[PDB]
> 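There's a structure below that I have some questions on.
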There are 2 protein chains.
Amino acid sequence: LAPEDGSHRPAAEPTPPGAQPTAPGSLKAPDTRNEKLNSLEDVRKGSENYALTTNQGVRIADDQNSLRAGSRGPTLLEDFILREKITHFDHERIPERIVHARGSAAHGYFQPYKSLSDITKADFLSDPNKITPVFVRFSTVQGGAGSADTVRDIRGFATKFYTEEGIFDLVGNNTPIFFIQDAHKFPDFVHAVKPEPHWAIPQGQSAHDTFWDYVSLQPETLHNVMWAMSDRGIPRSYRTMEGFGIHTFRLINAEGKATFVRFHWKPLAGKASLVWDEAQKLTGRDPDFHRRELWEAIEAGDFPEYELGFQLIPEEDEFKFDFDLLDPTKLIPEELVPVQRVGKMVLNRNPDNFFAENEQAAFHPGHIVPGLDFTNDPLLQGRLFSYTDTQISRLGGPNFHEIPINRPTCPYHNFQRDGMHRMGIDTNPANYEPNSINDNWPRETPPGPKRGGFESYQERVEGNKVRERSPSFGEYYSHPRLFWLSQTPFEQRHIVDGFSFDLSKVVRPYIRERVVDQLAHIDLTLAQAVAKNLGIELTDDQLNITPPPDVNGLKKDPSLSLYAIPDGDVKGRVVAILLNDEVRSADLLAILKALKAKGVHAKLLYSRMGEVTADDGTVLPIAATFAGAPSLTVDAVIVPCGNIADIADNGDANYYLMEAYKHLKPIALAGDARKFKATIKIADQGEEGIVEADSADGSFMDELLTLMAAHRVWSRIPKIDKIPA
Amino acid sequence: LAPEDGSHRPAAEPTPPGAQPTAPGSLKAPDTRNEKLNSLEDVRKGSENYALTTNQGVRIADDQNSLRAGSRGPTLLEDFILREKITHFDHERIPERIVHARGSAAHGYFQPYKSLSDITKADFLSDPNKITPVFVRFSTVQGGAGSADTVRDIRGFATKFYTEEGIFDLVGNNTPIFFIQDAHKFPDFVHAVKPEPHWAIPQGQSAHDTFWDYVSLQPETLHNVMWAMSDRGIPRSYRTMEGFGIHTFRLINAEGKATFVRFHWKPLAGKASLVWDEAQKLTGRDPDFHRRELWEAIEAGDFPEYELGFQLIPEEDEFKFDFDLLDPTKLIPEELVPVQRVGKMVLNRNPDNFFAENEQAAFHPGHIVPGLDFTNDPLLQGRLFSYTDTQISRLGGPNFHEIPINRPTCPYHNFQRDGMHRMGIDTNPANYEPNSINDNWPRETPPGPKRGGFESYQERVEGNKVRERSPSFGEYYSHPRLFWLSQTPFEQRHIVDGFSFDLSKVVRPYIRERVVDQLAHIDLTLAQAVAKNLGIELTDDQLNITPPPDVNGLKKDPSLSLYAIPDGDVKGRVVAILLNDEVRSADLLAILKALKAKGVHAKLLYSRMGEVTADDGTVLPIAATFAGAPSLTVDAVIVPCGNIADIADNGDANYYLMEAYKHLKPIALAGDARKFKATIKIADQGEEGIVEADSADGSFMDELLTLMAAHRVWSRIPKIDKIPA
Ligand code: HDD
Ligand code: HDD
């Protein structure tokens, strides 16, 4: 059944996106190893050269047919082979996660830059030569496992560290705050953003009444709403967003000192987002774009890398800010508390089976290790309850830690027994302590500088038993205002556009008005611009609302913008090349090698599949058609010279350019490809963000790569409004 | 928290789409009832004027906060109010259906046109004035419960009939055959179409290697693949598709006579599908399009209506065709066996809670009633095992019939006891029979003409215990060819396009080639047109493969086409009206009056939200912006006159028309709106499919509504290649 030439099989070496069929990671990259990947070997199952069997090991002779009385007769109950095969199929599904149901995962490793023993006894942070295997799952939040990747939403960034002293799960998002203050409200907020209960619409979207109804009645939400309405809400890929733990946690060192910490992930590839029209159209054209992007970067060797960083605050400075450190709706500005680099995480192999490794992974922020501890952040405090509880249904019982991807790689022993799906066969004569019949093994371990038992930091607690929000949490507008003022002008316009779009889908007009009132508490310019888009007029009262105070003297912080401080990086990005039937082969040599030299991938597109032949007879393999792989999926578009008449009349080829133009992407036109300038209305003397020359040689590719480094051509935003695209 | 004017709350009368927020069915249409809807009253839970409580009935004072030791202190374990609330949240999800996970449902009623008691003793078909409540779920097949509606896929059409003599579930699809012959292969086929197991891509799409690998190796699949690749695979609405039971079943009359029968649903709104570009973009712009359209049609009074129809074959004619009646890859052409009309089904109320009624509903083709019976169809035979089995995990146990949506409205009594979540409290002293202690109640009932026990038709069985496919099943090409030749030239082109598009995404080129080889065994013109798009050249041998035989002398059957015989019905369709800031109210009057007379809905669109005022002071609320509700979501576009300069250079307004044009929709341009003819290159003297006049009037509306009756403008196809849209 395989073809003789063995081309059914992907090469076991790094290859760029689209070159080879994708594969299970252990087959694609058998030589990429780590302690966790190695320890999964006992459950990995081959196939080649094995007989097909039942689950009981009985070889199957005919897997095409049910047993029946007569070849046209009824199927017999004694067909155990049929019923086993159908039984397992009938029971394949398990409940999806209540939130972050949609997510894409990979294996990798972490290493600290230096020992952090002065501030934390955490073993995984003790030695730069200690490597910790990780498993990372990125996700959206609202939509089901089957929803689209490039929605507007918060993203989840969850890291499972398999340390020598326990599993540590760092379960964060791509924004430094959350929507709400106390975990008791999580079911209200989530129910409000999720599909509405009567009809289960809309999937993967905040643009509906219930969401904006809740936000309008709960101003503590406005901060994370600002983030989600910005281009933060539509990242280019999981490799180009930030990660944050949100909560203040504690580090505890061997001398018992507690230091407050907020965790950060910095993307080594830089920050980059889509624009809204492109993100939405991409949910239709490739609802798996981020999942795909991740898997292929790893197959290509473009491993996603992230730097772990810590904002660190002395215990004595707990009360030194305008906001409460325990309030998860407040960020800590980096101008006030810098991020200190701690180490590097590299994601470098895909899983083998998505269901087994990704769908069944269980992350929980209560999974800490000696050297870390909690705080009283009332959102974190409730999360600690939820993540253990939900697994009892999602993964079928209390033995979810024995599902292979979840297993510690370090020793685990205790007196816990039984439960559904129990794999470990305990030989301990004792199932209780204290016992004498096994000399009290396994034994408690006192806390200590290394390898000691967990002891909680002895924080003083003092108060009455109350259901009460701290008055210090009662401020809602200054952080939103701070984020707003830190954005570039084009970022601010995209925020205005995000609010305007979402609220336009709110059927009850009074809800729109109520959100607009809330915006007028943040910044009059924002509020007016959204109001104009909604045909709403601010009242004189709303026009006169005093802006909220700066945050400890800050009127902006540029670390809050995606783009204010360029951190571009082109490796792993992709360029569409629009071919014609007589391509100038010199243009193409110059184009492909320049891209290759910077780790930029290329996709050769035409009006059909198969091949075309260049001017000098080079045979050019076609990756996809113009309609099949639209500009949505690339970072820039290059048109080499040749017989342009071949495609000049192709509506798809023209539309390819107009869509890429509208979404602010670098375009380069060589030789007669400048005839396309008329489609995108480009002036004779040229325009910034359009590379043009007689040929693809000299500075042509360097100028294109310079545009790609800056991600998008923001200066084009005034010009795109005329284009009907 | 509600506004002053009561306008938080939807009018409880029929209203057009967008006029009111959508609502739970019993609040929207409280006067719409049937025996099943009434019987759900014991579990309906209101809310107005009630106190907020725990599930144990304890009133909550503060639903905003966890219990903590001091207002910035840790959350306490004794907070049972938080933990019940979070526990319930943490366990909301249940396993989605293995297949048909994505779906949308409604209540309604069925009734036969005349008594069928000469051919069946089934009670629900016995009396033209006896009404049977139904609950219908429409679905896709491949994607998850959060995947998009307007994918290319087969659709499911499952009807639960709550009869006086038992639940009958008629569990069909929107094409008259399935992909495979024997149930034993179902996990192989479904796994091949589903997302691939390494990376869980792609969602909701057949366009990937594993699917086309299976197809190319299993030519029995080609017939349903033809239907999937045609515009059947992308219906406009669940109201405008056909439904079929696929299998041959039996009708058994009071005298014991068996008649073989295939079941049909005929949509009274006519057959109508999208075009591919539109359908794929619509998965991004509104992934809930079909769910929404169905809910809104019901809210508006455009109740979906279907005619049940039977193809009837006497028992002595079982072998008289050149295909096997028991082969679910073969259709019975209506030219050979006509569909007899049987009754009418009306869907007239939406559910109250999607999860409780739609997600928990359980349909199963084994749920038959006396007067129906099965056949030896080897696909149907294995389905009977799977639907009972799968419910055990999906719905948590064997008491799934006690979940309120699934409960029979007729009596049910037996000796079965216990099981998880047992609701029924049995008083019977006996739990076994035979018993004396309850005088053997409840008792067996002998079979008879009405109110009788179920007895299987005593079919003769003769053969050895074999796992063997019937030789009569081993023909794969003649039904694909019949379907091909029965399609109009534009439908054939769209089929070619669908194959070409899917296969272009297959990475392994030998798989494309093998599928083209298969096409060459169906029809050369089809094989060559697919080959050309793939840059593949047919071999001499392939050009010489003899066409498969006609199906019992048939060279075409026009009933297999969506469009060859007009049957268009505009009621419930929708028109976009592109507003300007000085709308000519005389045009608007004439438009809305003619639309209203045919039950066609309108949406008023503009370049922002809020209101515009017409030339006569009429205040017009704006339903959506041009960008926010694209032409994808309407059936036609009208541009009234007025201040055209307002929108004449708006890129979104121009693009709206270019998109609707590309997708073959009727466009009407009044007065100066005729200037837009420029963006779409219409001849001065006009074009069939573009309605133009000095004003919108009687004749102008007529022309537009005639075009809408014909669904799309197929004659414009040659012209859409040039437009860059
Ligand atoms: C008390 C309820 C609750 C609250 C207040 C939070 N979550 Fe959570 N979260 C859950 C209850 C939960 C959960 C129900 O327990 C999930 C779903 C399924 C699972 O395994 O854990 C979950 C999943 C989940 C995942 C997916 C993990 C994975 O990939 O499997 C991420 C990344 C987060 N959450 C992160 C957050 C962040 C950054 C929060 C605010 C700071 C947050 N959660 C608040
Ligand atoms: C032997 C396995 C098997 C085979 C051969 C089939 N199916 Fe099936 N089908 C299932 C096993 C199944 C299932 C696993 O049992 C589902 C999923 C969960 C459930 O409740 O039923 C299902 C669900 C399902 C639904 C969704 C009902 C709902 O909305 O809940 C429809 C409409 C169909 N099927 C129709 C078909 C048709 C028309 C088939 C071929 C003629 C077919 N199935 C072959």
Side-chain angles (χ1 to χ4, degrees), chain A residues 142-144 146-148 151 194-211 280 283-284 502 504-508, chain B residues 10 14-25 28-29 102-107 136-140 143 145-151 155 204 234-241 269 272-274 278-279 281-304 347-355 357-359 572-576 600-603 605 623-624 628-635:
Chain A
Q142 191 258 43
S147 63
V151 296
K194 278 272 178 176
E196 296 186 15
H198 54 298
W199 62 349
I201 290 176
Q203 198 63 210
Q205 298 163 66
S206 50
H208 58 106
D209 293 51
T210 65
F211 174 75
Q280 196 185 36
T283 65
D502 243 53
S504 80
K505 300 318 180 76
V506 168
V507 185
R508 294 168 179 84
Chain B
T15 52
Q20 289 294 293
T22 53
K28 183 65 184 173
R102 176 67 193 183
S104 296
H107 302 265
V136 174
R137 192 174 175 270
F138 300 108
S139 49
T140 60
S147 56
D149 278 339
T150 59
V151 299
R155 292 320 187 275
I234 50 174
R236 159 72 173 75
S237 155
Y238 292 128
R239 309 181 304 99
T240 69
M241 62 184 206
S273 293
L274 307 174
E278 169 203 18
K281 260 219 244 176
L282 191 42
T283 66
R285 300 309 192 178
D286 175 11
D288 304 309
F289 188 64
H290 283 154
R291 184 168 286 176
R292 184 192 305 281
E293 201 261 0
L294 164 77
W295 196 281
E296 289 178 341
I298 290 170
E299 286 204 350
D302 296 332
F303 303 137
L347 270 8
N348 66 356
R349 227 202 64 184
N350 286 317
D352 291 300
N353 180 267
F354 184 100
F355 177 86
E357 291 165 85
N358 173 328
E359 187 71 22
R573 298 295 186 106
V574 56
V575 171
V600 172
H601 299 301
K603 89 171 82 159
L605 299 176
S631 80
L632 304 174
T633 66
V634 301
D635 296 277

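In what follows, chains carry the letters A, B, and so on, assigned in the order in which the sequence lines appear, proteins first and then strands, with residues in each chain numbered from 1.
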> Please identify each residue that fulfils side chain to side chain donor-acceptor pair (under 3.5 Å) with B:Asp286, with sequence neighbours left out.
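Side chain to side chain donor-acceptor pair (under 3.5 Å) list for B:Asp286, sorted by chain: B:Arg292.
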> Is there a side-chain contact between B:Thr22 and B:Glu299 (heavy atoms, below 4.5 Å)?
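Side chain of B:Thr22 against side chain of B:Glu299, heavy atoms only: contact under 4.5 Å found.
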> Under the 3.5 angstrom rule, does the side chain of B:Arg291 hit a backbone N or O of A:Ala200 as a donor-acceptor pair?
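Checking the backbone N and O of A:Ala200 against the side chain of B:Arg291, a donor-acceptor pair under 3.5 Å is found.
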> Okay, side chain of A:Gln142, backbone of A:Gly204: is any donor-acceptor separation there less than 3.5 Å?
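A pair under 3.5 Å: yes.
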> Could you tell me which residues satisfy side chain to side chain donor-acceptor pair (under 3.5 Å) with B:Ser631, sequence neighbours excluded, listed by chain and number?
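Expected list: B:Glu659.
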> Applying salt bridge (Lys or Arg N to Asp or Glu O under 4.0 Å), name anything that partners A:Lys505, two or more places apart in sequence or on another chain.
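Checked A:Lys505 against salt bridge (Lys or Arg N to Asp or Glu O under 4.0 Å); zero matches.
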> Identify the two heavy atoms, one from B:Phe354 and one from B:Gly103, that lie closest to each other, and give their separation to 0.1 Å.
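That would be CZ-O, 3.3 Å.
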> Do you know the tightest heavy-atom contact between B:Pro10 and B:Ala23?
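Closest approach of B:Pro10 to B:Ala23, heavy atoms only: CG-CB, 3.9 Å.
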> First locate atom CD of B:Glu296, then atom CD of B:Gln20, and finally report the distance between them rounded to the nearest 0.5 Å.
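The CD atom of B:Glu296 sits 12.0 Å away from the CD atom of B:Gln20.
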> Which heavy atom of B:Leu294 sits nearest to which heavy atom of B:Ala105, and what is that distance?
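That would be CD2-N, 4.2 Å.
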> Going by distance alone, is a donor N or O of one side chain under 3.5 Å from an acceptor N or O of the other, for A:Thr210 and A:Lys194?
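Per modelled atom types, A:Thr210 and A:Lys194 side chains form no pair under 3.5 Å.
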> Kindly give the heavy-atom pair with the smallest separation between B:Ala29 and B:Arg349, and that separation in Å.
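Reported closest heavy-atom pair: O-CD, 3.7 Å.
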> Side-chain contact, heavy-atom cut-off 4.5 Å: B:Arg155 with B:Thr140?
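With C-beta onward as the side chain, the pair touches.
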> Do you know the tightest heavy-atom contact between B:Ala623 and B:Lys603?
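Closest pair (atom of B:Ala623, atom of B:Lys603, distance): CB-CB, 4.4 Å.
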> Run the ring-ring contact (aromatic ring centres under 6.0 Å, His included) test against A:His198 and tell me which residues pass, sequence neighbours left out.
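Partners of A:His198 by the ring-ring contact (aromatic ring centres under 6.0 Å, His included) criterion, ordered by chain and then number, come out as B:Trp295.
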> Quick one: list whatever passes side chain to side chain donor-acceptor pair (under 3.5 Å) with B:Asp635, sequence neighbours left out.
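For B:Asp635, the residues satisfying side chain to side chain donor-acceptor pair (under 3.5 Å) (neighbours in sequence not counted) are B:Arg236, B:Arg573.
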> Between A:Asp502 and A:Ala207 (side chain of the first, backbone of the second, donor and acceptor by atom type, cut-off under 3.5 Å), is there such a pair?
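Such a contact is found between A:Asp502 side chain and A:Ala207 backbone.
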> Taking NZ, NE, NH1 and NH2 as the nitrogens, is one of them in A:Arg508 or A:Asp209 under 4.0 Å from a carboxylate oxygen of the other?
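Answer for the salt bridge query: yes.
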> Quick one: closest heavy-atom pair of B:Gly18 and A:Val507, and the distance?
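Heavy atoms of B:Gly18 and A:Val507 come nearest at O-CG1, 4.4 Å.
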> Once side-chain contact (heavy atoms from CB on, under 4.5 Å) is applied, do any residues pair with A:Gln205, and if so which ones, sequence neighbours excluded?
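If we apply the side-chain contact (heavy atoms from CB on, under 4.5 Å) test to A:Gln205, skipping adjacent residues, the hits are A:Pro202, B:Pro287, B:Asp288.
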> How far apart are the C-alpha atoms of B:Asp302 and B:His601, what are their side-chain angles, what is the distance that settles it, and do they pass the side-chain contact (heavy atoms from CB on, under 4.5 Å) test?
CA-CA 10 Å; B:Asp302 296 332; B:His601 299 301; 2.7 Å; yes
> Do B:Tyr238 and B:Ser104 have side chains that approach each other closer than 4.5 Å (heavy atoms only, starting at C-beta)?
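Sidechains of B:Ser104 and B:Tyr238: in contact.
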